[PDB]
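Note sheet for the following structure.
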Amino acid sequence: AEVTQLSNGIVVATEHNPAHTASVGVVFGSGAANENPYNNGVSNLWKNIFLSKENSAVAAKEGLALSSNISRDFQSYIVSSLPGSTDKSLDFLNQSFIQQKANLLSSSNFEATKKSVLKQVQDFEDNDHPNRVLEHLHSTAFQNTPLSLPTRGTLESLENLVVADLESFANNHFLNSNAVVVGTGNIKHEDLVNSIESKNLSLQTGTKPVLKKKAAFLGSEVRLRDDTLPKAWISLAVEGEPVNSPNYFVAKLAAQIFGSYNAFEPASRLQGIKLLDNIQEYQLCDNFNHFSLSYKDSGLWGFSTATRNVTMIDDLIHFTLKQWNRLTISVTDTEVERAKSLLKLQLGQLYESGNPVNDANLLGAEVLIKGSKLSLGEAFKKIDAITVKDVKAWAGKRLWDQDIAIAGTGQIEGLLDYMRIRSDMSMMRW
Amino acid sequence: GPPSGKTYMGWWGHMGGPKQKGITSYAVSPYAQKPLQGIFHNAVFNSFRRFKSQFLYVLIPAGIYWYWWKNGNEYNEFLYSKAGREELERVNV
């Protein structure tokens with residue numbers, strides 16, 4: 001458990017633990033939330049040439065493995081080494097992001113990569129209905145606002161993208177003040193920071209990105225009815241918490257109370273979740289899962305679900321929203337306590353997997369926003385300190401009689417109108 | 001249960017329509033929308049339209065029947081005045 005971050009000319013962040021391999025990468029503070037409607041998908045395209053057969057063979061000769069991830073707030077390019085080769089990873093990083101960042105964009109490479117992210121993003125829209133729905137949830141929830149842009153980009157902005165768009169983006173966002181270099185694995189801080197302060201040369205230092213306009217939640221829906229699909233997939237959310245919200249953890253705990261479910265897993269049917277008494281009688285769904293998604297400016301708190309019970313979708317939604325009503329008025333001590341324990345377990349399994357590439361992404365994203373990483377033991381202190389009173393005060397502000405955002409696809413004829421769903425965000429009282 | 005005659009309407013999830021694919025709908029919460037001081041400026045030259053199409057279908061039958069009524073009445077008035085008692089004797093029985 002370590003967090004050593006220090007700024008030379010660039011900002012260097014590491015977290016070392018004797019494991020096996022080491023992962024080095026640069027993580028930029030700009031993602032799909034920084035694109036336009038019209039160059040949407042430029043980051044995903046950058047990712048895909050960085051992993052192209054040409055660049056990927058040059059790394060595999062050296063015994064290096066490549067990894068990249070496009071998100072909303074950020075963007076990361078990562079090389080995993082075998083831990084004494086922690087220097088030959090920094091060679092491949094700079095040989096790409098200074099030298100080859102004019103050789104990767106060759107006409108034959110770009111056209112074969114663009115053709116591959118087109119088959120890629122098309123395949124997504126055709127078949128991945130849960131993530132497709134969740135992506136459209138962000139699209140309508142945050143419409144005409146940076147968080148609405150999908151991470152993979154749209155088929156139409158993608159096929160109209162040229163080399164100059166990659167260039168213009170790279171020249172405005174792959175800057176020094178919008179970068180953090182991250183090392184996870186087992187390698188020391190002073191083992192890496194010296195290999196970085198070895199070579200100087202700043203490259204476009206002093207240049208800031210471009211500013212924008214703030215993200216906002218708009219209560220709304222997008223309904224992607226398709227009667228030929230064998231199920232209905234729906235996601236429903238309120239405006240949640242940004243990272244570095246006081247209620248960052250209260251929100252995450254609230255989502256753990258209702259948790260996630262899988263009708264076919266015997267153990268899942270037995271969880272201490274009151275909602276399960278309602279939904280199992282007539283089998284109202286195959287699965288659901290609650291989430292508290294947090295970004296820089298905003299977040300989404302809600303749930304997603306999939307079902308073949310297409311004539312009782314209204315009972316699914318009704319029982320789920322009646323449970324959420326309880327958070328404001330009647331959530332019990334032992335529900336909160338169950339959530340604490342399970343939130344710790346899952347937050348643990350995230351922050352300490354046996355895979356440094358995940359560690360890098362979690363470290364990178366955190367330090368880009370607040371300039372530091374809160375340690376796992378520090379989180380548990382915050383989690384344990386949450387009372388029933390906290391959850392109630394949170395839910396009464398975020399959940400009770402608040403606008404929602406809805407998205408769905410498949411057989412959603414039985415998903416009732418907006419106002420019916422929205423009325424269930426509260427209860428009648430004297 | 002007890003059986004059932006087939007109809008031309010079902011219920012939520014099986015309404016009896018054709019299979020729908022390709023249509024995507026969008027909407028926005030009433031809560032997020034402009035309090036009702038909008039209509040006018042945008043919507044009053046708009047409506048008062050649907051009766052430009054219609055007023056002739058109503059007015060021309062109305063006209064025919066009002067004319068026909070006014071005429072028969074004024075004729076009855078004449079018949080029962082002094083001037084018309086001669087015509088009255090003629091048209092009566």
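Residue numbers start at 1 in each chain; chains themselves are named A, B, ... in the order of the structure tokens; ligands are numbered from 1 in the order shown.
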Need the shell around residue 245 in chain A: protein/DNA/RNA residues with any atom at most 12 Å away, counting only C-alpha atoms. Skip same-chain ones fewer than 2 positions apart. Format as a PyMOL selection string?
chain A and resi 240-243+247-252+294-299+369-370+394
Take the residues from that selection and put them in a file with C-alpha atoms, as a short mmCIF file (atom, residue, chain, number, x, y, z; two decimals), in the first residue's frame.
```cif
data_model
loop_
_atom_site.label_atom_id
_atom_site.label_comp_id
_atom_site.auth_asym_id
_atom_site.auth_seq_id
_atom_site.Cartn_x
_atom_site.Cartn_y
_atom_site.Cartn_z
CA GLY A 240 -25.36 10.95 -8.96
CA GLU A 241 -22.08 12.18 -7.48
CA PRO A 242 -18.88 13.51 -9.07
CA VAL A 243 -15.53 12.18 -7.79
CA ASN A 247 -21.26 11.92 -0.65
CA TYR A 248 -19.04 9.92 -3.01
CA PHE A 249 -19.13 7.00 -0.60
CA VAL A 250 -22.70 7.41 0.67
CA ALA A 251 -23.82 7.06 -2.97
CA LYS A 252 -21.68 3.98 -3.59
CA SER A 294 -18.80 9.13 -10.88
CA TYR A 295 -17.01 11.51 -13.25
CA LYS A 296 -15.28 14.89 -12.94
CA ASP A 297 -18.37 17.09 -13.27
CA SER A 298 -21.23 14.72 -12.45
CA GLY A 299 -22.41 11.13 -12.13
CA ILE A 369 -8.58 14.78 -10.78
CA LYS A 370 -7.62 15.41 -7.14
CA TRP A 394 -28.44 11.81 0.65
#
```
Who sits within 12 Å of residue 91 in chain A, only C-alpha atoms, same chain under 6 positions skipped, as a CSV table (one decimal) with N, CA, C and O atoms, in the first residue's frame:
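out.csv written:
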```
chain,number,residue,atom,x,y,z
A,24,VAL,N,4.0,0.5,-17.0
A,24,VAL,CA,4.3,1.9,-17.2
A,24,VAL,C,3.4,2.5,-18.3
A,24,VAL,O,3.1,1.8,-19.3
A,25,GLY,N,2.9,3.7,-18.0
A,25,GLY,CA,2.1,4.3,-19.0
A,25,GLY,C,1.9,5.8,-18.7
A,25,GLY,O,2.1,6.3,-17.6
A,58,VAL,N,6.6,-4.4,-32.8
A,58,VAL,CA,7.9,-3.7,-32.4
A,58,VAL,C,8.0,-3.8,-30.8
A,58,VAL,O,9.1,-3.9,-30.3
A,59,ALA,N,6.9,-3.9,-30.1
A,59,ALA,CA,6.9,-4.1,-28.7
A,59,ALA,C,7.0,-5.6,-28.3
A,59,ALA,O,7.6,-5.9,-27.3
A,62,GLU,N,10.7,-6.9,-28.3
A,62,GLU,CA,11.3,-6.4,-27.1
A,62,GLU,C,10.8,-7.1,-25.8
A,62,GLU,O,11.3,-7.0,-24.7
A,64,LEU,N,7.5,-6.8,-24.7
A,64,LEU,CA,6.6,-5.8,-24.1
A,64,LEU,C,5.2,-6.0,-24.5
A,64,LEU,O,4.9,-6.5,-25.6
A,79,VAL,N,2.2,0.2,-21.2
A,79,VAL,CA,3.0,-0.9,-21.6
A,79,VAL,C,3.4,-1.7,-20.3
A,79,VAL,O,3.8,-1.1,-19.3
A,81,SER,N,5.8,-4.5,-18.6
A,81,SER,CA,7.2,-5.1,-18.8
A,81,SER,C,7.4,-6.2,-17.8
A,81,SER,O,6.6,-6.6,-17.0
A,85,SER,N,13.0,-4.8,-17.0
A,85,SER,CA,12.9,-4.1,-18.2
A,85,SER,C,12.0,-2.8,-18.1
A,85,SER,O,11.5,-2.3,-19.1
A,97,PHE,N,5.6,8.3,-28.7
A,97,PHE,CA,4.9,9.6,-28.4
A,97,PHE,C,5.8,10.8,-28.7
A,97,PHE,O,5.5,11.9,-28.3
A,98,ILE,N,6.9,10.6,-29.5
A,98,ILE,CA,7.7,11.7,-30.0
A,98,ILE,C,8.2,11.3,-31.4
A,98,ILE,O,8.0,12.1,-32.4
A,99,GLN,N,8.8,10.2,-31.6
A,99,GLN,CA,9.3,9.7,-32.8
A,99,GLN,C,8.2,9.2,-33.7
A,99,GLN,O,8.0,9.8,-34.8
A,100,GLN,N,7.6,8.1,-33.3
A,100,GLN,CA,6.6,7.4,-34.1
A,100,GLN,C,5.2,8.0,-34.2
A,100,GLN,O,4.4,7.6,-34.9
A,195,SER,N,14.9,7.7,-14.3
A,195,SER,CA,14.9,7.3,-15.7
A,195,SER,C,14.1,8.3,-16.6
A,195,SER,O,14.3,8.4,-17.8
A,196,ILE,N,13.2,9.1,-15.9
A,196,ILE,CA,12.4,10.1,-16.6
A,196,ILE,C,13.2,11.4,-16.6
A,196,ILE,O,13.3,12.1,-17.6
A,198,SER,N,16.3,11.6,-16.4
A,198,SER,CA,17.4,11.3,-17.2
A,198,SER,C,17.4,12.1,-18.5
A,198,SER,O,18.3,13.0,-18.7
A,199,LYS,N,16.4,11.8,-19.4
A,199,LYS,CA,16.2,12.6,-20.6
A,199,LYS,C,15.4,13.8,-20.3
A,199,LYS,O,14.4,13.8,-19.6
```
DSSP on the backbone: what in chain B comes out strand (DSSP E or B), as number ranges by chain?
B: 11, 14, 21, 25-28
At most 8 Å to chain B: residues in chain A, only C-alpha atoms, as a ChimeraX atom specification
/A:218-228,310-312,403,411-414,418-419
DSSP on the backbone: which residues in chain B end up as helix (DSSP H, G or I)? Give the answer as number ranges by chain.
B: 30-32, 55-79, 82-91
For residue 217 in chain A, please output as an MDAnalysis selection string all residues within 10 Å (counting only C-alpha atoms; exclusion window: fewer than 4 positions along the same chain).
chainID A and resid 138 140:143 145 147:148 238:240 298:300 403:405
Compare A:75, A:96, A:131, A:8 by their minimum atom-to-atom distance to residue 33 in chain A, counting only C-alpha atoms, and give me the closest one.
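Closest candidate: A:75.
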So that I can see what lies close to range 320-322 of chain A, please list as a PDB file with N, CA and C atoms, in the first residue's frame the residues with an atom at most 9 Å from it, counting only C-alpha atoms and leaving out residues fewer than 2 positions away in the same chain.
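Just written: part_32.pdb:
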```pdb
ATOM      1  N   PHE A 258     -28.899  -2.362  -2.737  1.00  0.00           N
ATOM      2  CA  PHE A 258     -29.734  -3.094  -3.687  1.00  0.00           C
ATOM      3  C   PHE A 258     -28.896  -4.011  -4.570  1.00  0.00           C
ATOM      4  N   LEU A 275     -35.715  -6.271  -1.995  1.00  0.00           N
ATOM      5  CA  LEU A 275     -36.267  -6.237  -3.337  1.00  0.00           C
ATOM      6  C   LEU A 275     -36.467  -7.633  -3.934  1.00  0.00           C
ATOM      7  N   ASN A 278     -39.897  -9.403  -3.742  1.00  0.00           N
ATOM      8  CA  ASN A 278     -40.862  -8.934  -4.727  1.00  0.00           C
ATOM      9  C   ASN A 278     -40.635  -9.543  -6.100  1.00  0.00           C
ATOM     10  N   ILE A 279     -39.388  -9.548  -6.554  1.00  0.00           N
ATOM     11  CA  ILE A 279     -39.144  -9.812  -7.960  1.00  0.00           C
ATOM     12  C   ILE A 279     -39.034 -11.292  -8.309  1.00  0.00           C
ATOM     13  N   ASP A 315     -44.039  -3.963 -13.233  1.00  0.00           N
ATOM     14  CA  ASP A 315     -43.846  -4.418 -11.861  1.00  0.00           C
ATOM     15  C   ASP A 315     -42.375  -4.415 -11.455  1.00  0.00           C
ATOM     16  N   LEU A 316     -41.502  -4.770 -12.398  1.00  0.00           N
ATOM     17  CA  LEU A 316     -40.060  -4.653 -12.197  1.00  0.00           C
ATOM     18  C   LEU A 316     -39.704  -3.234 -11.773  1.00  0.00           C
ATOM     19  N   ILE A 317     -40.125  -2.258 -12.570  1.00  0.00           N
ATOM     20  CA  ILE A 317     -39.785  -0.854 -12.336  1.00  0.00           C
ATOM     21  C   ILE A 317     -40.419  -0.319 -11.056  1.00  0.00           C
ATOM     22  N   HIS A 318     -41.652  -0.743 -10.803  1.00  0.00           N
ATOM     23  CA  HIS A 318     -42.424  -0.273  -9.665  1.00  0.00           C
ATOM     24  C   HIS A 318     -41.844  -0.781  -8.335  1.00  0.00           C
ATOM     25  N   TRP A 324     -36.200   1.958  -3.582  1.00  0.00           N
ATOM     26  CA  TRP A 324     -35.385   3.175  -3.527  1.00  0.00           C
ATOM     27  C   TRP A 324     -36.044   4.256  -2.687  1.00  0.00           C
ATOM     28  N   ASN A 325     -37.380   4.263  -2.632  1.00  0.00           N
ATOM     29  CA  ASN A 325     -38.103   5.241  -1.814  1.00  0.00           C
ATOM     30  C   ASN A 325     -37.683   5.072  -0.365  1.00  0.00           C
ATOM     31  N   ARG A 326     -37.414   3.826   0.007  1.00  0.00           N
ATOM     32  CA  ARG A 326     -37.129   3.486   1.390  1.00  0.00           C
ATOM     33  C   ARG A 326     -35.884   4.183   1.935  1.00  0.00           C
ATOM     34  N   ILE A 421     -43.169   6.421 -14.492  1.00  0.00           N
ATOM     35  CA  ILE A 421     -41.920   6.041 -13.843  1.00  0.00           C
ATOM     36  C   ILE A 421     -41.532   7.129 -12.847  1.00  0.00           C
ATOM     37  N   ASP A 424     -43.200   7.433  -9.415  1.00  0.00           N
ATOM     38  CA  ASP A 424     -42.774   6.451  -8.436  1.00  0.00           C
ATOM     39  C   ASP A 424     -41.489   6.822  -7.686  1.00  0.00           C
ATOM     40  N   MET A 425     -40.940   8.003  -7.971  1.00  0.00           N
ATOM     41  CA  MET A 425     -39.775   8.494  -7.241  1.00  0.00           C
ATOM     42  C   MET A 425     -40.155   9.043  -5.866  1.00  0.00           C
ATOM     43  N   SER A 426     -41.409   8.842  -5.472  1.00  0.00           N
ATOM     44  CA  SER A 426     -41.873   9.223  -4.139  1.00  0.00           C
ATOM     45  C   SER A 426     -43.125   8.460  -3.726  1.00  0.00           C
ATOM     46  N   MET A 427     -43.665   8.820  -2.564  1.00  0.00           N
ATOM     47  CA  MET A 427     -44.873   8.196  -2.035  1.00  0.00           C
ATOM     48  C   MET A 427     -45.834   9.250  -1.509  1.00  0.00           C
TER      49      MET A 427
END
```
The distance between CA of residue 124 in chain A and CA of residue 44 in chain A is 13.5 Å
In terms of the shortest atom-to-atom distance over only C-alpha atoms, which of A:347, A:181, A:129, A:117 is closest to residue 78 in chain A?
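Closest to residue 78 in chain A of all the choices is A:181.
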From the set A:406, A:350, A:388, A:192, which residue has the shortest atom-to-atom contact distance to residue 331 in chain A, counting only C-alpha atoms?
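Nearest to residue 331 in chain A: A:388.
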Have a look at A:38, A:92, A:303, A:351 and name the one nearest to residue 61 in chain A; count only C-alpha atoms.
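For residue 61 in chain A, the nearest of the candidates is A:92.
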Leaving out range 335-343 of chain A and any residue of its chain fewer than 3 positions from it, which residues lie within 9 Å of it when counting only C-alpha atoms, given as a list in words?
residues 252, 253, 254, 255, 256, 257, 258, 259, 272, 273, 331, 332, 346, 347, 348, 380, 383, 384, 386, 387, 388 and 391 of chain A
Let's have the selection written as an mmCIF file, in the first residue's frame, with C-alpha atoms.
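Writing done, so here's again26.cif:
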```
data_model
loop_
_atom_site.group_PDB
_atom_site.id
_atom_site.type_symbol
_atom_site.label_atom_id
_atom_site.label_comp_id
_atom_site.auth_asym_id
_atom_site.auth_seq_id
_atom_site.Cartn_x
_atom_site.Cartn_y
_atom_site.Cartn_z
ATOM 1 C CA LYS A 252 -21.681 3.980 -3.588
ATOM 2 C CA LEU A 253 -23.008 2.390 -0.378
ATOM 3 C CA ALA A 254 -26.631 3.144 -1.349
ATOM 4 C CA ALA A 255 -26.057 1.235 -4.588
ATOM 5 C CA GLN A 256 -24.647 -1.725 -2.663
ATOM 6 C CA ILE A 257 -27.828 -1.963 -0.578
ATOM 7 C CA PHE A 258 -29.734 -3.094 -3.687
ATOM 8 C CA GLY A 259 -26.636 -4.569 -5.255
ATOM 9 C CA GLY A 272 -30.060 -9.992 2.043
ATOM 10 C CA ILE A 273 -31.908 -7.703 -0.352
ATOM 11 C CA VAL A 331 -33.744 2.059 5.454
ATOM 12 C CA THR A 332 -32.601 -0.072 8.416
ATOM 13 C CA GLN A 346 -15.764 -5.111 -3.748
ATOM 14 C CA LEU A 347 -13.668 -1.958 -3.387
ATOM 15 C CA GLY A 348 -10.869 -4.196 -2.171
ATOM 16 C CA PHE A 380 -12.689 2.011 4.782
ATOM 17 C CA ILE A 383 -17.200 3.827 4.671
ATOM 18 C CA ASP A 384 -17.455 2.696 8.303
ATOM 19 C CA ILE A 386 -21.617 6.321 7.379
ATOM 20 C CA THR A 387 -24.844 6.297 9.402
ATOM 21 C CA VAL A 388 -28.472 5.622 8.453
ATOM 22 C CA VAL A 391 -28.002 7.705 3.591
#
```
Using only C-alpha atoms, determine which residues lie at most 12 Å from range 74-80 of chain B, disregarding the query and same-chain residues fewer than 5 positions distant; provide the list as a PyMOL selection string.
chain B and resi 67-69+85-92
